[PDB]
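Line order of the protein sequences matches chains A and B.
Read left to right, the first sequence gives residues 7 to 130, 137 to 591 (the UniProt record's numbering).
Read left to right, the second sequence gives residues 7 to 106, 109 to 130, 137 to 591 (the UniProt record's numbering).
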Amino acid sequence: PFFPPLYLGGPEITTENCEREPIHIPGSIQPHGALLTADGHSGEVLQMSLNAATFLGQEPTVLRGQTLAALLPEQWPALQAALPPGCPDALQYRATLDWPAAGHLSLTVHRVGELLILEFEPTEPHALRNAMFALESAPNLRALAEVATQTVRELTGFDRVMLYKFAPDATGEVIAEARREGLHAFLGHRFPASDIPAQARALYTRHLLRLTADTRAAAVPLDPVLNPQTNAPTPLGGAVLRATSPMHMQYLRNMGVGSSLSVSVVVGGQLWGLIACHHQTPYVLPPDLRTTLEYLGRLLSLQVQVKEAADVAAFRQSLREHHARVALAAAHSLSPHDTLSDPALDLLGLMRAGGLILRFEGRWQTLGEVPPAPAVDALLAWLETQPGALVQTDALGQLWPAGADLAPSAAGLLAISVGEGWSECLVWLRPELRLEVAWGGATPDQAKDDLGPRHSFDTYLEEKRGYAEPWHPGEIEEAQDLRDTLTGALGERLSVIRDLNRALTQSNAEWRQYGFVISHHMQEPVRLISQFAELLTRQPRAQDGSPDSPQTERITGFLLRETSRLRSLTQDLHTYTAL
Amino acid sequence: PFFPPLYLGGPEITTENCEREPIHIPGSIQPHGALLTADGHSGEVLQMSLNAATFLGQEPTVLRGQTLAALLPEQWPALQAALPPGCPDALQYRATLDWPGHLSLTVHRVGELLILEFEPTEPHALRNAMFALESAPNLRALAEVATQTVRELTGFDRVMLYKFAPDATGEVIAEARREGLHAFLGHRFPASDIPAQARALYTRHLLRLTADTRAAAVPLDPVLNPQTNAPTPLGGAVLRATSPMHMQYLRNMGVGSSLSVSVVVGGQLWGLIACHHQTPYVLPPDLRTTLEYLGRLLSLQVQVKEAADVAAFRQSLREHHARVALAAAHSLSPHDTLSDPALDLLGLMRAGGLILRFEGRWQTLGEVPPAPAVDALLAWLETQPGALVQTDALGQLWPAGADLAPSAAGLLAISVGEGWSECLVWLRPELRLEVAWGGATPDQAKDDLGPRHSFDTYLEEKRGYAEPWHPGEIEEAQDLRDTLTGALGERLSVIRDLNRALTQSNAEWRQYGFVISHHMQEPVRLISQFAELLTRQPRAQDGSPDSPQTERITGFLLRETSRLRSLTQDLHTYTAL
Ligand SMILES: C=CC1=C(C)/C(=C/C2=[NH+]C(=C\c3[nH]c(/C=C4\NC(=O)[C@@H](C)\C4=C/C)c(C)c3CCC(=O)O)/C(CCC(=O)O)=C2C)NC1=O
Ligand SMILES: C=CC1=C(C)/C(=C/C2=[NH+]C(=C\c3[nH]c(/C=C4\NC(=O)[C@@H](C)\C4=C/C)c(C)c3CCC(=O)O)/C(CCC(=O)O)=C2C)NC1=O
């Protein structure tokens, strides 16, 4: 949430509270035109710029309290047709006028809710068509970048044109350039995340072009300053004459620039880069030449998509035979440890790494160049806390500070999680390499020291330690193809272990059956002998001749049935053991 | 492989051999310009059109055997700079000339040859059009804004945005026309009308036209290339003469002038912007350029609006997604979580019948076909190679299950894992379908030798068709698939541990089964060896039996009574364990 503006009452903006700044509501314009705000229905003038009286050529008492029907006889009914109520504020309408005083004026109109903004500017071969075909025929991405910068400098006649590109970590890098002879080179120089605040990145995805005609210019405000309808500051998001933030104005003065111009490159609802332009002297570009730039904004935004997709397709043509066998093996494998650790597939050459870690079942077997054993278990605990399905890093020292000492063995890391929860995984490791980064001006740590912008824009060398070979984007697309084959083959790996679990229940069915029957079928004969031991006590106690005394061998003939009981038992005990 | 052309010696083209036709090598041009071919290095003229003598204004003996340095004083060194040797043939160069009226020149390089084309030449429309498309709400709405804008600039009779299905049949999705004319809107068209080599060409080159349908083709002399002794390729030629097949097709339709612009999304042909005019009509080259911007601007804006339609549809089914994904990730029993009518896994996909197959038992829910036919269907899915099967008509793909139409017409299938071991199937019932075909149906396209006469509304009754799947539903389904295959990792982690516990129980059976069996053999021998004592002493007068010692004999079987006492205790414990 941003702070209120200066005219209403707000704090002075420094380096601490830059993220919260009213950029889109300056309440002022740059002095090479005039501004009028009007009702969406009536057409009555509500606000004016102070210089509008001179720029049009009427008294300011006349213009205030006047319908647009008076000013624009032809334009007014055609303007209402183009911009109906309840439309996106990004939609613009442009028309040329014949004003007798000024000569020729170019008019721009857009609708912010229940208000109509108006902007006025002075106005007057096959270049674009030849440029279009030049981009759609460029071989690679670096080559496309070169063709853009050259072409833009030709049309515009600027001092310096450069294609600026954002990293996924929101830090800039100049990737192409074309300059006037006898000047500095800004090529390669990386730049902080602090220079471009986050709300500006939010704006530049919506509106696509802005400029500054003069850096040492004074802002011309509006009267009345606040909107009559809402009693709030008037929004100037889609305004071309939106006055630049006083912060950024100071930044270009120290650089030595008079005129700025940028065009936002947008890929799939995201800010991919900028086409930034500098001029040493104050300079104004005609509106009919700004239009030509806006086509090159949209043409590039399409052509970036194609060339980046052709680079990854070309890289994944070299590693074709090396892919085919790896994918064929890790799909029919039931033993993951004794197929993927085999140095006939060389699963360190596919990803061009030093150390590979394979984790399946519950034993981390090793291959290549790996760190000491206790530190590996410290690393695998850190991956289980990580939420995704793939972990990609070039510097491990920043993400995990405990493993900053493991730099010589493992600096870069690529990780896959087959399944979910990091139970089974694969890890690639790249060794440490010497790294020197050329920062334009100052490093990101030195950006928060000064109260305003930095003075120096020279080449600065920083020694970075804990950095490996950065991963090619083709390798990560390769890796995710491997992941989904190992998770796909998991379906056949469960289909077997269920069948082995079914066979063990059959063996447990035998143990409980034989363990119960034989135990209780033993209890009767052993009681039968012990109850015949009762007979062996009944006879010789009396010591006299019993009526069983003759048939004592028939009594023995009765325990002969009992001897044959244990005889049949001991035979059955050996058979059930054998199974 | 295409047949050789007519001038060299080839067969007459009919409906049978349309797929094999030399389209890109006609050896002729349309007669509203002139053509010159030249060496890539020397600049000597090698071939000419027959009408080039009149169109430029020199004798044809003069022009043949002349350098380009003579003709173009300014252009020649700037032309060589723009097109270096070994460049894509798609790259073009254009320049305006002052010929004593005005000529517009177009040049491109096919290998070791330089093609040249000549054509007669002379506010904020485009800029306002650009912002109109980038502000359209939906895809249908964007289509409307394109057609209107194109008709305004060009002044054509009929403009229509044409769109291909993934099965390569056309459908007109937007239109704008002159008042008092037929409406072609909605009408579907066959795969036969646009051959496959033309679809291969239109991905490379993006614009072509026909200025007159009843025009005679003006050929080249010499007809064959001097360098290679082969026909001269005219792929990237604007004045490439139209195929005699397609020329007949527009005559029966009642069209004089054709123009189309190829829409290209991600290296694929998405659609066309087709234009018709009843009268012969020529468009100036400076107005063709304006169309070519609208070709590229649309190709970007199609991508955005289609992605916003799927994002909007998958906002309604947000709470209905969240619970389903949360349950089918922690589930260990798939059958007794997903068949539960508290998640309603027939409402997510708006279907009649759901089949769940896990372990090896197909439980049913909703409206399902008879039981033996289900096993016939699951055998057909196992032969299918992919990870998702998507169909609206099952009758065409699987002819054996054409009788199962009332229960199952449409099908969506997922394979959790691989090999169709475990799956999910959705089924939609049969619905009445009437399709409006423009002219004739695809079966009636192969009957006639040439093009069809009728272009009127034709009604065909189609049976075996359900509600066609919304593309947002298929993106929803593939999100479910990867959660069920993802949760499979935890489902194996458990069944191994249960397999470890059953080996412990098998270790007990083999231990107790061996020991007790052999430790029983001794006591039973001890009783049988005491039966030996019972044979030795059947009378008291023997050396062993004394009346006091008979209770010590009983004292010896007291050791045997304590044997079975210790046994019966051990028999109850090993039963419990
Ligand atoms: C050599 C390379 C190079 C870089 C790295 C670069 C960055 C850059 N900043 C931009 C915008 C803004 N930056 C800040 C704030 C700060 N600027 C800082 O550096 C510190 C002092 C700071 C705050 C702590 C603000 C308020 C704005 C919005 C201004 C507005 O539109 O009202 C723009 C777009 C403007 C344009 O087109 O030139 C770019 C491209 N300009 C270059 O040409
Ligand atoms: C009302 C809707 C509508 C439809 C459905 C339609 C189709 C269509 N056919 C096209 C192309 C070709 N067709 C054929 C051949 C055949 N044509 C048939 O119908 C049968 C007889 C046949 C072979 C068996 C050939 C050789 C070509 C390549 C021409 C060349 O480049 O030389 C084009 C692009 C041309 C253009 O801009 O008009 C389209 C868009 N034209 C429409 O406006």
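Each residue gets a CB set at the ideal place from its N, CA and C atoms; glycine is no exception.
Counting C-beta pairs with one atom in each stretch, the segment 264–276 of chain B and the segment 463–478 of chain B have three or more that are closer than 8 angstroms, which means they touch. At a C-beta separation below 9 angstroms, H586 of chain A has these neighbours in chain B: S531, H532, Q535. Proximity of the beta carbon of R222 of chain A to ligand 1 is indicated: a heavy atom of the ligand is located closer than 7 angstroms. Within the same chain, no Cβ atom closer than 7 angstroms to the Cβ of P386 of chain A is found once the five residues on either side in sequence are excluded. DSSP, read as helix, strand or coil, puts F9 of chain A in coil. The continuous alpha helix (DSSP H) containing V68 of chain A extends over residues 66–69. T161 of chain A is positioned such that its CB atom lies closer than 8 angstroms to that of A190 of chain A. Restricting attention to B:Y479, B:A459, B:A365, the CA atom closest to the CA of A427 of chain B is found in B:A365. For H532 of chain A, the enclosing alpha helix (DSSP H) covers residues 502–542. For a cut-off of 8 angstroms, the C-beta gap from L238 of chain B to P245 of chain B is around 6 angstroms, short enough to register as a contact.
Under the three-state reduction of DSSP output, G250 of chain B falls in the coil class, being neither helix nor strand. Residues of chain A whose Cβ lies closer than 8 angstroms to the Cβ of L502 of chain B are, in chain order, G431, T499, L502, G503, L506. When rounded, the separation of the alpha-carbon atoms in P94 of chain A and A88 of chain A is 12 angstroms. If the five residues before and after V159 of chain A are omitted, its C-beta is found closer than 7 angstroms to the C-beta atoms of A146, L147, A150, all from its own chain and listed in chain order. With a cutoff of 8 angstroms on beta-carbon distance, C24 of chain A and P209 of chain A are scored as near each other.
In summary, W105 of chain B is exposed, with fewer than 16 beta-carbon neighbours lying within 10 Å of its beta-carbon over all protein chains present.
Within the segment 152–182 of chain A, not one residue has a Cβ closer than 8 angstroms to any Cβ of chain B. Rounded to whole angstroms, the separation of the alpha carbons of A107 of chain A and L62 of chain A is 7 angstroms.
With a cutoff of 8 angstroms on beta-carbon distance, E444 of chain B and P420 of chain B are scored as near each other. At a cut-off of 8 angstroms between beta-carbon atoms, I369 of chain B makes no contact with chain A.
In the structure shown, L122 of chain A adopts extended strand secondary structure according to DSSP, grouped into three states. Around the beta carbon of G431 of chain B, a 10 Å sphere encloses 16 or more other beta carbons of the protein chains shown; the residue is thus reported as buried. At a C-beta separation below 8 angstroms, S558 of chain B has no neighbours in chain A, since its nearest C-beta there lies roughly 12 angstroms away.
What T351 of chain B touches in chain A, judged by beta-carbon distance under 7 angstroms, is nothing: the nearest beta carbon there is about 17 angstroms away.
Annotation: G424 of chain A to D493 of chain A spans about 20 angstroms, alpha carbon to alpha carbon. Under the 8 angstroms criterion on CB atoms, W82 of chain A is classed as non-interfacial with respect to chain B. One thing to note: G184 of chain B has its Cβ within 8 angstroms of the Cβ of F203 of chain B. Taking the Cα of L223 of chain A as reference, the smallest distance to any Cα among A:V275, A:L199, A:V508 is reached at A:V275. With a threshold of 8 angstroms between beta carbons, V275 of chain B makes no contact with chain A. Using a CB distance cut-off of 8 angstroms, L395 of chain B does not count as an interface residue toward chain A.
Contact residues of the segment 78–111 of chain A toward chain B are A88, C93, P94, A96, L97, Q98, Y99, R100, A101, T102 (C-beta to C-beta distance below 9 angstroms).
Flagged as an interface residue toward chain A: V538 of chain B, by a C-beta distance shorter than 8 angstroms. A contact is defined here as three or more CB-CB pairs under 8 angstroms, and the segment 69–80 of chain A meets this definition with respect to the segment 42–59 of chain A.
Around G367 of chain B, the same chain offers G380, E381, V382, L441 as residues with beta carbons nearer than 6 angstroms, after the five sequence neighbours per side are excluded. Within the segment 435–452 of chain B, the residues whose Cβ lies closer than 9 angstroms to any Cβ of chain A are, in chain order, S435, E436. For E436 of chain B, the closest C-alpha among the options A:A454, A:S507, A:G557, A:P456 is that of A:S507.
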